[PDB]
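Engineer: experimental coordinates for this protein are included below, preceded by the sequence.
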Amino acid sequence: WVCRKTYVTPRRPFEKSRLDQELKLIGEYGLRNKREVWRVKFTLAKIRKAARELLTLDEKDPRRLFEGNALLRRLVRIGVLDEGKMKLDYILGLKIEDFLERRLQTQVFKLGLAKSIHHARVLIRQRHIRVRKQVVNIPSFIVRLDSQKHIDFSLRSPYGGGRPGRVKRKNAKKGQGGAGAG
Amino acid sequence: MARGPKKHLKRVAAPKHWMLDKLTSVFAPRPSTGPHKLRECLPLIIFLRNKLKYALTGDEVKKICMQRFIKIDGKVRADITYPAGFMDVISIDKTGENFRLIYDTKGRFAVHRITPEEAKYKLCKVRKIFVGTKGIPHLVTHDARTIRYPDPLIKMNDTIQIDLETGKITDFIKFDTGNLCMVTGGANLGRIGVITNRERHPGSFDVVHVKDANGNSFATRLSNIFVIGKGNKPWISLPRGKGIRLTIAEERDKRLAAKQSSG
Amino acid sequence: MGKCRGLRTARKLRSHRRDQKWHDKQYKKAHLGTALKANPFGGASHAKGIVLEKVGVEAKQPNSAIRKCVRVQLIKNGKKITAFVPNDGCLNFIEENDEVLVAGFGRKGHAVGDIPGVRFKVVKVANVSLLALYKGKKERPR
Amino acid sequence: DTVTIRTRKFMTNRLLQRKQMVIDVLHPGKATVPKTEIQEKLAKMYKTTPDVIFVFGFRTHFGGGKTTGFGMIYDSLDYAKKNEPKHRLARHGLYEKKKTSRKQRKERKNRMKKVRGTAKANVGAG
Amino acid sequence: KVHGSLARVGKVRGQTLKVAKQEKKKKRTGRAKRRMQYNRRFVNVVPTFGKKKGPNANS
RNA sequence: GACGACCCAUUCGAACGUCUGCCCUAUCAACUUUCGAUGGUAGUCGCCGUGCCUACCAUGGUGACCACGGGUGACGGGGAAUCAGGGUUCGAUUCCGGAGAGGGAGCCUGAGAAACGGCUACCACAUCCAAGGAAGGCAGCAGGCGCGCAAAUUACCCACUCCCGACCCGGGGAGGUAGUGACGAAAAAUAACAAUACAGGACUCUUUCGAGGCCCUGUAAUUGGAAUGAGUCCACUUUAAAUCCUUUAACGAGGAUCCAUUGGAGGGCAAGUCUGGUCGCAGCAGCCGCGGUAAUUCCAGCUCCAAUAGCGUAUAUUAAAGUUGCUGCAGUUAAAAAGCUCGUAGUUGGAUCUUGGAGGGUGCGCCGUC
């Protein structure tokens, strides 16, 4: 029954400069709320703290070696991070976009199959998107590397095939009952 | 509490090395009284339905046992929470399988099939060696088996090949510098290795410096050392891994290399 | 540096600190259990009582107003306490012999604003929330 | 739409007279499948017949067109009827049995306790 | 030192001529509303270097 | 195919014994024994060690390195919360150890109990009665009274998880299962895309006027095709049987919705150099301060901000607080060096004794670097 919080609010609350920054992030990133950003500012701070500790340790130090390499390999699987980075010295010099860039929502834009970070989120939350055998409704997801290619509309949502739409199918029978017969 | 013997085990307060999950219920099996101490044992139920996957329910484990399907050291055992342990045999017949309970390098009772022979005999570490009643002498092994009239060489900490149908020691190994060893508890639980040194303390606590087939050295308490034969010559099956112990990096190196390609 | 620096001198430093902690008012309050012993509310956060009478209290200079509190006997320890009645005409809503839920100012036990010797405020009557009453979400039930 | 019943992770389990395995049911694009359809369909892959292939677990996955469950098929209908959870046999037209629902019975027994031995006396009283 | 009155209690609330509610629009659901904010604020929002301006201004 | 026994070991334990670590307090400085306080010696007792008890015999044992005494929003710990680092605070409460079952005391049985879903007395409480009698203990599960700032069903099941018994089979308010459930934590709906239509800006062309143009955002005009569960619902799943989830045929989005909130907009502090009303009145205001007739603080709208299925308020406590300061405080004048010196504990103490070559980890194309 163990549980933990996933976000952290900023010490302080009114620093125009920070607020604007966050708003630009929501906009580019079809985000919903500040928490939506706060959640990531939080995710990142822990990663950076994880990193900083490690970087203070001796290199070759079974603890530093075994966990450093792991943090890196984890950070790379998600594309968040790259090789020269792909050492700890580079994660220290990293940022939020790099995570934010891997969510669904922005990808369904990023290859035509949405044309909007907008469209993207309503598409995702509405069941028209599988990551290869599996519908994924979590506009919040995190697309892994060799998983980038398997993202596509789903086997039945109409695009993806399958009749029309509880509203399109309404319209077909909308030209049927009246204009066909009585 | 405080008037009598506990009969329940809150799961979570059970021994880790059974690897029972956290959710499921409140209580773990809790080993019956038997030949092995409760921490250091493996209730059959965990074996039948937690390691071997023969059973799903506990209701099933029982249904299996009442058949008589299963013997420990040769002699049908019919209790769900029977406390089986190190050097025990376990034989399911109408299935043809013989397993010896001996450790992982994790320190987990390992699922270790043994031949249809071997299943005959087990190696017990002498715990005490005794002049019993009427002037007879006896040895006592870890697994709580008392054998009278043993041969006079046998001394505490030596190990001893028991027949098994008959009881009957059918030889022995002395504890001396250079013997092969199995580690039966503590940080090093599961590591196998030669010896090197026994540091001796009066009052209490003797340590055994062990060296593995990789020139990896480590200590434990004498209490934790079990003799299993002569270097390169175990007197039993060893599980895959030869109780080696590999660094978490070495462990990763093996895991990714053996597969996603390498057959 | 007013404080030995000997490897040994843990006990002197440890104890000298124990001795000076007292002057901290928050600390002393806590160790003397003042909240249990002096305070009208138990050492609790809220407290309910009966209204004795309605007071129009004379707000301190340079401000000038009639304040509008009730005097309340707390059921828990028969303690007599005056409590402010906030918002416009809300007295209206509390009558003599009423019941009421009182709460602290948010001042740490120190009276608020111009309102003199009043350290508590009404929150509920009609068991019923001055706010919900003032708005007219809910009424003076009866 | 065809389906396809796929049986993963097989174990031949003699000491409980049955072959036990996961059931992986594709149903591409609708949902579902009946327990009865599943036992019929399995009955014909393991050369056994329906009344020896109990089936249980089950949860269609996320989004549609698959369902993973669990099955057992018994070597003797006798062996099943005896190794069997009773509630399982009851579920299909071969096992059913008595209810209560439980506190009526406990009440009966507690009434019986008052009465010295005899107790049958208490039976006629309940 | 109290004496005095309350006759006047609630004089302004009761004298403040009530106002309709009027009405109009719904403002937008979560993230969409955040989006309108970001475009109105930042895209919109081009700004001039007019030495600034405001959010809740009249003339 | 249906258990006893003696003695020994074993297993689960038990009972005691070692040290080392605990809150506040000196407006608690000497304490402990003639009803043993500390020790000898012997016995009786106990499962057994032991002033356990008792005789005799000694006169001990403890304290400024805080004993003794008193207090306590003290059950103890694993743990929890607060994150520079140091720290700061909590811990009844899913585990461990300890304690109790109205208060006190005693006891039977049994290997194990000083047991209360045993008993027994008194003491406090309550109940039945044909008035002599008689029967009882929810700090078990539900529920109810009282109490209060505060806390759920008089529901289903032994299928799971395990336990017990003569036991595969029975029994389990252990425990699971549903109901209540914004402690609190996770996922995150209440609407996406063109088009006209327009409103616009970097780009280009032009002497200018003027025109083109990419990137697009709105904003209507309605369109236009493009959509999904929230509800509802054959069927099916879940499971002991159900529910819900996770599953879906048939339905379910043109806004007046299938209708999002709660605080703020004078300073700190994010946001009205508003409009009506009042005129130091009502109110606002943690603090500073507003309102005494052009109120950007009120009262309302309008409009805007902030956090958003949550948000305000009160309170314990923590961070901030280097305002308890080890790390890392101040004390001439701001709050603070005793009038001065001796001085035990405590703390604190000068100098000086012995003088490349290769093995293994990961980078770079047999070579090497670190």
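Structural biologist: Arrived safely, thanks for sending. Numbering: from 1, shown residues only, chains lettered A, B, ... in the order given.

Engineer: show me the helices in chain C, by range?
Structural biologist: Here chain C has its helices, by DSSP state H, at C:10-21, C:25-31, C:34-37, C:130-135.

Engineer: what's in contact with the first one?
Structural biologist: Around helix C:10-21, the neighbours that count as contacts under Cβ atoms under 8 Å, 6 or more residues apart in numbering or on different chains are C:3-4, C:27-28. From N, CA and C alone the C-beta is placed, and that goes for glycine too.

Engineer: same deal with stretch C:30-41?
Structural biologist: Stretch C:30-41 is contacted by residues C:28-29, C:42-43, C:47, C:74, C:77, C:79, C:81, C:102, C:104, C:109, C:120 when judged by Cβ under 8 Å, 6+ apart.

Engineer: could you show which parts of chain C are in contact with chain E?
Structural biologist: Residues of chain C lying near chain E by Cβ under 8 Å from any Cβ of the partner chain: C:54-58, C:66, C:68, C:88-89, C:91-92.

Engineer: show me these that map onto strands.
Structural biologist: Here DSSP state E is the test, and the residues of chain C next to chain E give C:54-55 as lying in strands.

Engineer: need the max-distance pair from the residues of chain C next to chain E.
Structural biologist: C:58 and C:92 (20.2 Å; Cβ to Cβ).

Engineer: show me what contacts the most centrally placed residue in chain D?
Structural biologist: Centroid-nearest residue in chain D: residue D:88, 2.3 Å away (criterion: Cα atoms, centre = their mean). Counting by Cβ under 8 Å, 6+ apart, residue D:88 touches D:54, D:56, D:95.

Engineer: what's the spacing between residue B:41 and chain D?
Structural biologist: Residue B:41 sits 22 Å away from chain D, going by Cβ to the nearest Cβ, to the nearest Å.

Engineer: bridging residues for that residue?
Structural biologist: With DSSP bridges applied, residue B:41 shows beta-bridge pairing to residue B:85.

Engineer: which one of the contacts of helix C:10-21 is nearest residue E:57?
Structural biologist: For the contacts of helix C:10-21, the nearest to residue E:57 is residue C:27 (51.0 Å; Cβ to Cβ).

Engineer: what's the local residue count around the residue found closest to that closest one once you drop the neighbours it is linked to in the chain?
Structural biologist: Residue nearest to residue C:27 in three dimensions, not counting chain neighbours: residue C:21, with 5.1 Å by Cβ to Cβ, 6 or more residues apart in numbering or on different chains. Using other Cβ atoms under 10 Å in any protein chain shown, residue C:21 has 11 neighbouring residues.

Engineer: go ahead and confirm residue B:167 touches residue B:148.
Structural biologist: No. When contacts are counted by Cβ atoms under 8 Å, residue B:167 is not listed as touching residue B:148 (9.2 Å).

Engineer: most tightly surrounded among the helices of chain C?
Structural biologist: By mean neighbour count, with neighbours taken as mean count of other Cβ atoms under 10 Å in any protein chain shown, helix C:130-135 ranks first of the helices of chain C at a mean of 16.

Engineer: by contact count, what packs against that helix?
Structural biologist: If contacts are counted by 3 or more Cβ pairs under 8 Å, 6 or more residues apart in numbering or on different chains; DSSP states H and E, helix C:130-135 sits against strand C:120-124.

Engineer: quick one, strands of chain A?
Structural biologist: Along chain A, counting by DSSP E, strands occupy A:130-131, A:134-135, A:151-152.

Engineer: any idea how far the residue nearest to residue A:172 when sequence neighbours are not counted is from chain B?
Structural biologist: Spatial nearest neighbour of residue A:172, excluding adjacent residues (Cβ to Cβ, 6+ apart): residue A:164 at 6.3 Å. Distance, residue A:164 to chain B, by Cβ to the nearest Cβ: 42 Å.

Engineer: about what we covered before: just the buried residues out of the contacts of stretch C:30-41, in PyMOL syntax.
Structural biologist: To isolate in PyMOL the members of those that are buried, counting by 16 or more other Cβ atoms under 10 Å in any protein chain shown, one can use:
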select buried, chain C and resi 47+74+81+102+104+120
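
Engineer: can you put the contacts of stretch C:30-41 in TSV and add distance to chain D?
Structural biologist: Listed next are the contacts of stretch C:30-41 as TSV, based on distance: Cβ to the nearest Cβ, whole Å:
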residue	distance to chain D
C:28	59
C:29	56
C:42	44
C:43	46
C:47	45
C:74	47
C:77	46
C:79	50
C:81	52
C:102	48
C:104	50
C:109	56
C:120	52
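
Engineer: and the contacts of stretch C:30-41, which of them are in strands?
Structural biologist: Mapping the contacts of stretch C:30-41 onto strands (DSSP E) picks out C:47, C:74, C:81, C:102, C:104, C:120.

Engineer: tell me the centre residue of chain A?
Structural biologist: Centre-most residue of chain A, counting by Cα atoms, centre = their mean: residue A:103, 1.4 Å.

Engineer: so who does that residue touch?
Structural biologist: Neighbour list for residue A:103: A:29, A:139-143 [criterion: Cβ under 8 Å, 6+ apart].

Engineer: 10 Å - rerun?
Structural biologist: Residues near residue A:103 by Cβ atoms under 10 Å, 6 or more residues apart in numbering or on different chains: A:29-31, A:40, A:117, A:120-121, A:124, A:138-143.

Engineer: the contacts of stretch C:30-41 also near RNA strand F: which ones?
Structural biologist: Of the residues in those, proximity to RNA strand F by Cβ under 7 Å from any atom of the strand holds for C:29, C:42-43, C:47, C:74, C:104, C:109.

Engineer: just to revisit the earlier point, for the residues of chain C next to chain E, pick the one with the most neighbours.
Structural biologist: With neighbours taken as other Cβ under 10 Å, the top of these is residue C:68, carrying 23 neighbours.

Engineer: can you tell me the closest non-neighbouring residue to that one?
Structural biologist: In space, and not counting its chain neighbours, residue C:68 is closest to residue C:91: 4.9 Å by Cβ to Cβ, 6+ apart.

Engineer: quick check: that neighbour vs chain D, distance?
Structural biologist: Going from residue C:91 to chain D by Cβ to the nearest Cβ gives 57 Å.

Engineer: distance of the residue nearest to residue A:172 from chain C?
Structural biologist: For residue A:164 relative to chain C (Cβ to the nearest Cβ), the value is 47 Å.

Engineer: likewise for residue B:14?
Structural biologist: 42 Å.

Engineer: using the three-state scheme, assign that residue.
Structural biologist: The three-state assignment at residue B:14 reads coil, by DSSP: H, G, I helix; E, B strand; the rest coil.

Engineer: show me what contacts it?
Structural biologist: Contact partners of residue B:14, counting by Cβ under 10 Å, 6+ apart, are B:20, B:27-31, B:38-39, B:43, B:46.

Engineer: residue B:138: which of these is nearest?
Structural biologist: Using Cβ to Cβ, residue B:38 comes nearest to residue B:138 of the contacts of residue B:14, at 24.7 Å.

Engineer: need the contact list for the closest one.
Structural biologist: Contacts for residue B:38 (Cβ under 10 Å, 6+ apart) come out as B:6, B:9, B:14-15, B:30-32, B:81, B:83, B:85.

Engineer: state the distance from the closest residue to RNA strand F within chain D to residue A:157.
Structural biologist: Ranking the residues of chain D by distance to RNA strand F (Cβ to the nearest atom of the strand) places residue D:64 first, at 1.9 Å. According to Cβ to Cβ, to the nearest Å, residue D:64 and residue A:157 sit 10 Å apart.

Engineer: residues shared between the contacts of those two?
Structural biologist: Shared contacts of residue D:64 and residue A:157, defined by Cβ under 10 Å, 6+ apart, comprise A:127, A:135.

Engineer: what segments of the chain are helices?
Structural biologist: No chain specified, so I'll use chain A. Counting by DSSP H, the helices of chain A are A:17-28, A:34-56, A:62-77, A:88-91, A:97-100, A:106-110, A:117-125, A:168-172.

Engineer: um, chain D though
Structural biologist: Counting by DSSP H, chain D has helices at residues D:35-43, D:77-83, D:86-91, D:103-114, D:120-125.
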